[PDB]
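Protein sequences, first through last, are from chains B, E, C, G, A and D. If you read the first sequence in the entry's author numbering, its first letter stands for residue 1, the second for the next number, and so on. If you read the second sequence in the entry's author numbering, its first letter stands for residue 1, the second for the next number, and so on. If you read the third sequence in the entry's author numbering, its first letter stands for residue 1, the second for the next number, and so on. If you read the fourth sequence in the entry's author numbering, its first letter stands for residue 1, the second for the next number, and so on. If you read the fifth sequence in the entry's author numbering, its first letter stands for residue 1, the second for the next number, and so on. If you read the sixth sequence in the entry's author numbering, its first letter stands for residue 1, the second for the next number, and so on. One structure is given here, and the rest of the page talks about it.
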Amino acid sequence: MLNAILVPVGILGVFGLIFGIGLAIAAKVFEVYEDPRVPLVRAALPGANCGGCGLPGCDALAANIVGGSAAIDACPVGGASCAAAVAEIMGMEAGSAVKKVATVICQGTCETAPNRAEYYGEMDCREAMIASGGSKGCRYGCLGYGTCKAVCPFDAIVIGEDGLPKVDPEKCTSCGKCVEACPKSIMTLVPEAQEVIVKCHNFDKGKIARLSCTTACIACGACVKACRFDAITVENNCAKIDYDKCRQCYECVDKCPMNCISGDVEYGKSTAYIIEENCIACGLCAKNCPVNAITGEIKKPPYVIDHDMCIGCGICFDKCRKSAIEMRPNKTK
Amino acid sequence: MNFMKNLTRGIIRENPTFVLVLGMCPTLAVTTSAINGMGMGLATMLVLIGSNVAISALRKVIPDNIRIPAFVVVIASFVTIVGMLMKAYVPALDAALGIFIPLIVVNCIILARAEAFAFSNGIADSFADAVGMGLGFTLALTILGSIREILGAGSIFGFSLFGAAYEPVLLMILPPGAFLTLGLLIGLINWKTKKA
Amino acid sequence: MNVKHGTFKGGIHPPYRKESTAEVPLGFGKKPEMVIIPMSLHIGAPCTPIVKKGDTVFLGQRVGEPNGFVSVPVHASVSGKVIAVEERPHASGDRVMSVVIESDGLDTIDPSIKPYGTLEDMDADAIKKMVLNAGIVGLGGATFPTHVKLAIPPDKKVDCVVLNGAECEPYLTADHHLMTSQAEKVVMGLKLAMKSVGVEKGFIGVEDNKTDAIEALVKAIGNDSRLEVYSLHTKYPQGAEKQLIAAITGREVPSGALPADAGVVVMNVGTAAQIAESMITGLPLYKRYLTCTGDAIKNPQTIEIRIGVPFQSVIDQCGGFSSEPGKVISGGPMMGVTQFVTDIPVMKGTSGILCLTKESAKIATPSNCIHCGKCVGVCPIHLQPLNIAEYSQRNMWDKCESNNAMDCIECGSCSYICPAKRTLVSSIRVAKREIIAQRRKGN
Amino acid sequence: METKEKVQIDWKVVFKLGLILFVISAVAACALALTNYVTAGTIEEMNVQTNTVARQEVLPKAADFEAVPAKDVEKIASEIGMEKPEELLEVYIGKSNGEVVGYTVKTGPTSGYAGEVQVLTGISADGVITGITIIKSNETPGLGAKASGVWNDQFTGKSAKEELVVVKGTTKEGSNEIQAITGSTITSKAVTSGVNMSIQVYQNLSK
Amino acid sequence: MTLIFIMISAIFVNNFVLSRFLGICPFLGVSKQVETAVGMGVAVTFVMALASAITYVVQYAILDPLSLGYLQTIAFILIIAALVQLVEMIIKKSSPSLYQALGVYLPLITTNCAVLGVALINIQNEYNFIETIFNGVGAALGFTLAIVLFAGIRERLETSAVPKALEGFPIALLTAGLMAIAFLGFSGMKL
Amino acid sequence: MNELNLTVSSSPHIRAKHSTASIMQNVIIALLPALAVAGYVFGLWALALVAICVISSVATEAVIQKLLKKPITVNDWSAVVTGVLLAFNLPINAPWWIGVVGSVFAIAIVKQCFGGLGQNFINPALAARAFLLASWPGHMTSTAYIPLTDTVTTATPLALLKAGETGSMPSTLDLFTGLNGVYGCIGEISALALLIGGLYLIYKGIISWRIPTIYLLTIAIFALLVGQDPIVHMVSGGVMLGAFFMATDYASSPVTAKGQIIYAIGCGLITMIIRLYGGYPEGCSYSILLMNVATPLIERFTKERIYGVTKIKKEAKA
Ligand SMILES: Cc1cc2nc3c(=O)[nH]c(=O)nc-3n(C[C@H](O)[C@H](O)[C@H](O)COP(=O)(O)O)c2cc1C
Ligand SMILES: Cc1cc2nc3c(=O)[nH]c(=O)nc-3n(C[C@H](O)[C@H](O)[C@H](O)CO)c2cc1C
Ligand code: SF4
Ligand code: SF4
Ligand code: SF4
Ligand code: SF4
Ligand code: SF4
Ligand code: SF4
Ligand code: SF4
Ligand code: SF4
Ligand code: SF4
Ligand code: SF4
Ligand code: FES
Ligand code: NA
Ligand code: NA
Ligand code: NA
């Protein structure tokens, strides 16, 4: 019984023992690829280990980055948090400026902007652009064949029964794959908190645009006089709104004679809704902020003020030293 | 909480045969009957449980340079013990699965699970993971074997169904009769995953 | 004479319905009463108007000034007064700035037009200056400026000039009439171009279905031993500036290097006739030939018509519509552009007006590919259109570029022979546009 | 010079790398041999039991068996002109109260579809085949594995005077005719060749 | 003459992938392109050719005249794993690093059922040294031919339009079944 | 105030006259005389089988094209061609369900699972035959071909040649015309009628001379190098049907002119390798099926040279 245990143990032990020394020696001479410092990104990655990203090895995020040969968001499994962590190892990311969605600046739907002729070919926007630019009356409007839907990877665009695309705000993640795929340069990126957008891209004069479409821009310039914060400009016979200076006063919406500016009149009208706790009866708002809308006597707490005037810009919400005024949107509907 | 999730990942969510597509040689080789698949699944389950527990017990002393030689020794020892017991007590199953019983050591799902979930977790999670993977393997093998046997022999579990004059489709018990069938099954699952 | 032969590999055989207007005599248009002249009658930089509303203009007076180097001036076709300097519909589908002139009835020539000279007295610099001053562009269809073409860079060498008389598109017979009637002007223009470039070799290539034109050219050449005439086999893509080079000279233009790297200069017979006429008379380019034909035209014919006349005036002068048209095409049936309206004026590169009836303009819907392989057989560049089209249809631009999609000449042939009635050339155009566009936003 | 003089301690970890592996390997052996000590002999017993059954079912009676010393078997293989050697495995003699009973011959014939099959044949005193059986085969389960079924039962009754001929037809004609399986013909010929070799051995021995 | 017949039967009549169901996981995993298929075939050929001789020597020099026949599998897999470790070490360093796109199938060259399968087949068939070498090379060449043909077919399939639900693995399995029929044409040949 | 409403599209504005349906109708017209000979020789049951197959094929396609929400393009006459060519590959003693099963396998699995018409890489009518022969070998081998009224034949001409009994074989003129005791598949016995209709497709431009000529030349050379009769090996078996009608499939053949020469040489070599040293009396089907797999590999080495691209050598990416 002694030999039957001694011989196999000895043979297998010798075989195992020589191979360990052989592999330890083979660690040298052969592969010495340690020269990229590995322990950079091996914990922020959730871990899938699949060959659908490049990166020959899921721990290869140590030589793929320091040369700019790989994209920051090359890992879809890791997502925004993992990409932000990887970038903030070097910096750049972990920033600000909220989130954006995709919008269509056009509102002509197969009945207000009809077709000049009939088009034969493939049902695609670029294929239609081959056939002399399309068969629509307006040379700047939506063709309606849905290239942007075909290029969207997250399934956020659906083509409505009226011909214009609709974007789901919960499935769209702030990319531009549908922006450079539009032949008409119509798809654009807009902040999710914005509700006042000029929806037209027509660069013709008044009479031709009036003949072409029902809700066209005629470059009358009446929307610039109403605005006082210098946020909307008329250039190339078309109006455009700057979103960095727009206070959403809803003043230009009612003045457009052709209904090109989006939004409904439900806004503001809250002149000095002041919380009684943290105001010292300063009375600095009684004098003037460009409209009067406050006039009273000292205004000891609680404030006695009638609310039937003012435009609701929002400057009086941050210029106070204590910020005792509260902004609440309360109107009809 | 953390024990039931590991056990129930298993069959439905991460099926080795239908969702990971691993261990395709025994699946296409032995599933000509409803009995061979169950025995192969049970043997693979025992080997997987033993190897996972043994590897997870020693995840502190094995360096990263001699890892695979250290793993294959344990896997081969368990496979050899199971094969000796099966040859001692169940000769018919050993004869029906002659070449693939020594080949359980290289099954594409034992080493992968050992690398993934055994060298980084505890002892209690690996046991549940092995049980779930073995159950999924056994169920998939049984389903494929029954589907092939009904068409290619006209009987289920040795019990005839279509009479004594039935002429079977003798391609389903051939090497080309496996691939196609499995492919169709996978397609069906994908459809019922993506339209729901 | 030594009339040699030549041909190329690939091509198709369309019906060639030219017999309708070939035996009909040549007609001359009437005096117009209103002309619209666009500011972009070439390729390059558009001109700038130098006239105002209410002004009085002469015949041959310049109304537009070139901007850069690749730009030609624009002249007036009639004598009258200016009524509008606004923008009007164009043949490209969008409105283009133009000048509208109302005719007076008399054709008063500007009091500064005199003959330039003689062939022996002009030499190369004055020839090029005269070509630039008369506003001559390419009448073959591309409308590339001629004075740019005759200015060879110092790092290139050329040794021959080839005239393209192989008019190959169906329904079109203007070059046949021009070669039969005005062969002497063609020979004089060829000699002028040869002297301007500075070579001692010249070739003329005419297809074999114009034997009377070949006889007229042979008689007009005379005893000059430096000029030759080639009789070419009748095929569709024969005249596309590249197969002509292969058939006549035997050389091949490199992969994206222009014919000037092959040592040749290719011109048209109409351009040569215009050069000779402008040298003899001194008048600019204001008139050319057209072929009004089709299925919905009562009396098709070839007519000489000034520049700026609308399409509807030509159609009315050629009888009118026998039935309701379903398609109006500016050019030939194989490379023409379909129109939206009939207010379009004729241009310097308009070679015909083709009107099709409703029954003859119907094409079935595209179907699945059956892998017949005829499109591979008919391609003159030896490409494989099916693979390029299938890769372009699912947005794979790298595979389209790797399959050599940027050297297609867009000749139509591959889309003409398809049993499944597909749109291969349109997909190839889409792929080419995307590949070109991606080089500017990534570099 | 060992790639610019690796610094000493590179060897010190080497003794750490081997030893653990050594230990693991030893433990593996320390298991396996023990299992063998419990298992192997038992397996052998099972094998011989099956062989005993294989010897008893073919010649059904109450009798004893004796084994040829396996040098007479090689002498018989050398004689009679058996063109391929080592295809005859075991020859046994039955005994029932002194008088001779018959013989039981095991042979592995080649030229099958998937290698070598094993055929056992039993013959009585007067020439009559009392049954054949298949011991080992490696053919298709649905095409060539049907020889160990109802196809064997037709082999009983054939006299041990002449050889056998396989015919491809539903009709069985007359004497010494064997009907093959539909879609399986090479296996039938291999089994018939093994039976012919066994019957030649019986004819040579029983005289 | 016998060696040529052995090689021919190994490559055509008894192909490892389509008939014996051995090299299937890398077959589906790596055959998306031709160059990777060729590289994997070359690596597999090297591994099999080097492993066969060592397994033969170990079996017939040590295990047989010691009555230790139950230690075949563990010793064979130890030798194969030690070889594949060196193969992994040499491939990534000097051969291109972009070739590490196999993604798990490179340490599955250790698994690679055809390798241990052909080792056990050579052992069980009672061959010689040169017969084992020829059998290993023939099996490797058959694997390479099958994977190259599959990688060639899959690009023509990427040209076509599978509807929406088959796509990757079902259409690969159906293609493999059709190729298995076409190679079932190669049957019944006595060599 | 009359508008025009013209049509706008891209070039060209004219097309040819031929379409997809005309090609398949011409194929049926070419296949008609073989059907006439089969009906004359084998009787009224030889026609009905064909009809059954055709019906099944069409029905299957329609059902699938209804379930996947696709246009029903059954009027291109492709399933009719598939059904007729499948029915020509059957013996006279086959049950009625064999054709139905074969048609369902050929249409549903081989063709419609890869996309549809022109999107498969393998021959449907030969793959279905190979599946039927392997699944039910008793209904398709050596006895179903002989009619029940003839009791003195017992063997088809290709089975009397592999056994050396070339003295009881039919004459060479009878193997060519197809009369006076020649048995086999119903649509293969006459080589005179498969050549008359095969020369009609060459004249109309549907197929070329390359594959039919090089398939038949290699068989004659191989039979000459080993000391046999070149003519008996060409007028017997399914060689004339496979050379003109089945190896010239559009979706399985190379598109260039240099690949169609290499493809035919392999098709002719693998046939005579299986015929002489194999386990089948005939190996045309598997020789054709094995060259449908290597077709994507021939096509990447036999491309032509693009105009203007002469380069210097094959440096490529080096
Ligand atoms: C498909 C195709 C066909 C053409 N056919 C003619 C033709 O028949 N006659 C012609 O003068 N130019 C033809 N061209 C234009 C020539 O390629 C070339 O641009 C022309 O000879 C230049 O003439 P120019 O120097 O007077 O501008 C064709 C071009 C293409 C792409
Ligand atoms: C010249 C020609 C040959 C054909 N040969 C076959 C054939 O051998 N088998 C078949 O099933 N279909 C055949 N077809 C028709 C078939 O529907 C098609 O060619 C594709 O193979 C379908 O994918 C043929 C069609 C043509 C035009
Ligand atoms: S997606 Fe991210 S986690 Fe998955 S393999 Fe790629 S890099 Fe690794
Ligand atoms: S938004 Fe642009 S891409 Fe989308 S359908 Fe309209 S035109 Fe096409
Ligand atoms: S392509 Fe990107 S940005 Fe556009 S809709 Fe889809 S997810 Fe939003
Ligand atoms: S005028 Fe403005 S709104 Fe109307 S179709 Fe044109 S771009 Fe759209
Ligand atoms: S008011 Fe309306 S129509 Fe006028 S310029 Fe502004 S957006 Fe255009
Ligand atoms: S909403 Fe107010 S701030 Fe914005 S553009 Fe209109 S007027 Fe100006
Ligand atoms: S602190 Fe603000 S709310 Fe109070 S009086 Fe001054 S401006 Fe008005
Ligand atoms: S919203 Fe503007 S205008 Fe109105 S009270 Fe506040 S600061 Fe004054
Ligand atoms: S001609 Fe049309 S149908 Fe034929 S191969 Fe080319 S694209 Fe396909
Ligand atoms: S259009 Fe382009 S691809 Fe088509 S035949 Fe002409 S050159 Fe070839
Ligand atoms: S190769 Fe994966 S289990 Fe065999
Ligand atoms: Na490792
Ligand atoms: Na296995
Ligand atoms: Na896999």
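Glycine included, each C-beta is placed from N, C-alpha and C at the ideal position.
**OP:** Could you tell me if residue 147(C) is buried or exposed, where buried requires 16 or more neighbouring beta carbons within 10 angstroms of its beta carbon?
**Re:** Position 147 of the third sequence, counted from the start, is the residue given in the question as residue 147(C). Looking at its Cβ environment, which holds 16 or more other Cβ atoms inside 10 Å, residue 147(C) is buried.
Original post:
Any residues in the region 16-33 of chain G with a beta carbon nearer than 9 Å to a beta carbon of chain A? Which ones, in chain order?
Top reply: 25, 28, 29, 32 and 33
Original post:
Is there at least one non-hydrogen atom of ligand 12 closer than 7 Å to the beta-carbon of residue 412(C)?
Top reply: Position 412 of the third sequence, counted from the start, is the residue given in the question as residue 412(C). Yes.
Subject >> Contact under 8 Å by Cβ, residue 31(G) with residue 81(E) >> reply: Working through the fourth sequence from its first residue, we reach residue 31(G) at position 31. Working through the second sequence from its first residue, we reach residue 81(E) at position 81. Contact: yes.
Subject >> Candidates 98(A), 174(A), 122(A) and 52(A): closest to residue 150(A) by CA position >> reply: Your numbering for residue 150(A) matches position 150 in the fifth sequence. For residue 150(A), the nearest C-alpha among the options comes from 174(A).
Subject >> Residues near residue 116(B) by beta carbon distance below 8 Å, same chain, minus five either side >> reply: Reading the first sequence from its first residue, position 116 is the one you call residue 116(B). Answer for residue 116(B): 135, 136 and 137, listed in chain order.
Original post:
Beta carbon of residue 183(B): closer than 7 Å to some heavy atom of ligand 4?
Top reply: Along the first sequence, one-based indexing puts residue 183(B) at 183. Yes.
Subject >> residue 328(C) - partner residues in DSSP beta bridges >> reply: In the third sequence, the residue the question calls residue 328(C) occupies position 328. 355(C).
**OP:** Can you tell me which of the three DSSP states residue 67(G) falls into?
**Re:** Reading the fourth sequence from its first residue, position 67 is the one you call residue 67(G). The answer is strand: DSSP assigns residue 67(G) an E or B state.
Original post:
What residues in the region 63-80 of chain B bring their beta carbon closer than 8 Å to a beta carbon of chain A?
Top reply: none
Original post:
Roughly how many whole angstroms lie between the Cα atoms of residue 159(A) and residue 71(B)?
Top reply: Counted from its first residue, the fifth sequence places residue 159(A) at position 159. Counted from its first residue, the first sequence places residue 71(B) at position 71. Cα-Cα distance, rounded: 28 Å.
**OP:** Can you give me the start and stop residues for the alpha helix (DSSP H) that residue 189(B) sits inside?
**Re:** The residue labelled residue 189(B) in the question sits at position 189 within the first sequence. Taken as a continuous stretch (DSSP letters only), residue 189(B) belongs to no alpha helix (DSSP H), being part of the beta strand (DSSP E) at 187-191.
Original post:
Going along the region 134-166 of chain B in order, which residues come within less than 8 Å of chain E, judged by CB to CB distance?
Top reply: none
Original post:
Is the CB of residue 70(A) under 8 Å away from at least one CB in chain E?
Top reply: Residue numbering aside, residue 70(A) sits at position 70 when the fifth sequence is read from its first letter. Output row for residue 70(A): interface = yes.
Original post:
Using a beta-carbon distance cut-off of less than 8 Å, what residues from the region 20-39 of chain E approach chain G?
Top reply: 32
Original post:
What residues match up with residue 94(G) in a beta bridge as DSSP calls it?
Top reply: Position 94 of the fourth sequence, counting from 1, holds the residue named residue 94(G). Beta-bridge pairing links residue 94(G) to 65(G).
Original post:
From which residue to which residue does the alpha helix (DSSP H) around residue 62(C) run?
Top reply: In the third sequence, counting from the first residue as 1, residue 62(C) sits at position 62. Careful: residue 62(C) lies outside any alpha helix (DSSP H), inside the beta strand (DSSP E) at 62-65.
Original post:
In three-state terms, what does DSSP make of residue 66(A)?
Top reply: The residue given as residue 66(A) occupies position 66 in the fifth sequence. Of the three classes helix, strand and coil, the one that applies to residue 66(A) here is helix, per DSSP.
**OP:** Could you please give me the residues that DSSP links to residue 325(B) through a beta bridge?
**Re:** As a position in the first sequence, residue 325(B) is number 325, starting the count at 1. Its beta-bridge partners are 274(B).
Original post:
Looking at the structure shown, is residue 102(B) part of a helix, part of a strand, or coil, going by DSSP?
Top reply: Within the first sequence, residue 102(B) is the residue found at index 102, counting from 1. In this structure, residue 102(B) counts as strand in the three-state DSSP scheme.
**OP:** Could you please give me the residues that DSSP links to residue 100(G) through a beta bridge?
**Re:** Position 100 of the fourth sequence, counting from 1, holds the residue named residue 100(G). Partner(s): 95(G).
Original post:
Does DSSP put residue 267(C) in a helix, in a strand, or in coil?
Top reply: Position 267 of the third sequence, counting from 1, holds the residue named residue 267(C). Correct three-state label for residue 267(C): strand.
Original post:
So, does the CB of residue 36(G) fall closer than 8 Å to a CB anywhere in chain A?
Top reply: The sequence position of residue 36(G) within the fourth sequence is 36, counting from 1. So yes, residue 36(G) belongs to the interface.
Subject >> Those runs of the alpha helix (DSSP H) which lie wholly inside the region 234-283 of chain C and span at least 4 residues >> reply: 243-248 and 269-281
Subject >> heavy atom of ligand 15 below 7 Å from residue 25(A) C-beta >> reply: Residue 25(A) sits at position 25 when you count from the first residue of the fifth sequence. Result no, Cβ not under 7 Å from ligand 15.
**OP:** Give the DSSP-derived three-state secondary structure of residue 189(C) in the structure shown.
**Re:** For this step, residue 189(C) is matched to residue 189 along the third sequence. Here residue 189(C) sits in helix by DSSP.
Original post:
Rounded to the nearest angstrom, how far is the Cβ of residue 104(C) from that of residue 79(C), given a contact under 8 Å?
Top reply: As a position in the third sequence, residue 104(C) is number 104, starting the count at 1. As a position in the third sequence, residue 79(C) is number 79, starting the count at 1. Indeed, because the Cβ distance is near 5 Å, the residues count as touching under 8 Å.
Original post:
Any chance the CB of residue 130(C) is under 7 Å from a heavy atom of ligand 7?
Top reply: As a working mapping, residue 130(C) is identified with position 130 in the third sequence. No, Cβ of residue 130(C) sits at least 7 Å from all heavy atoms of ligand 7.
Original post:
What do you reckon, is the C-beta of residue 393(C) under 7 Å from a heavy atom of ligand 8?
Top reply: Locating residue 393(C) in the third sequence gives position 393, counting from the first residue. Checking every heavy atom of ligand 8 against the Cβ of residue 393(C), none is found closer than 7 Å.
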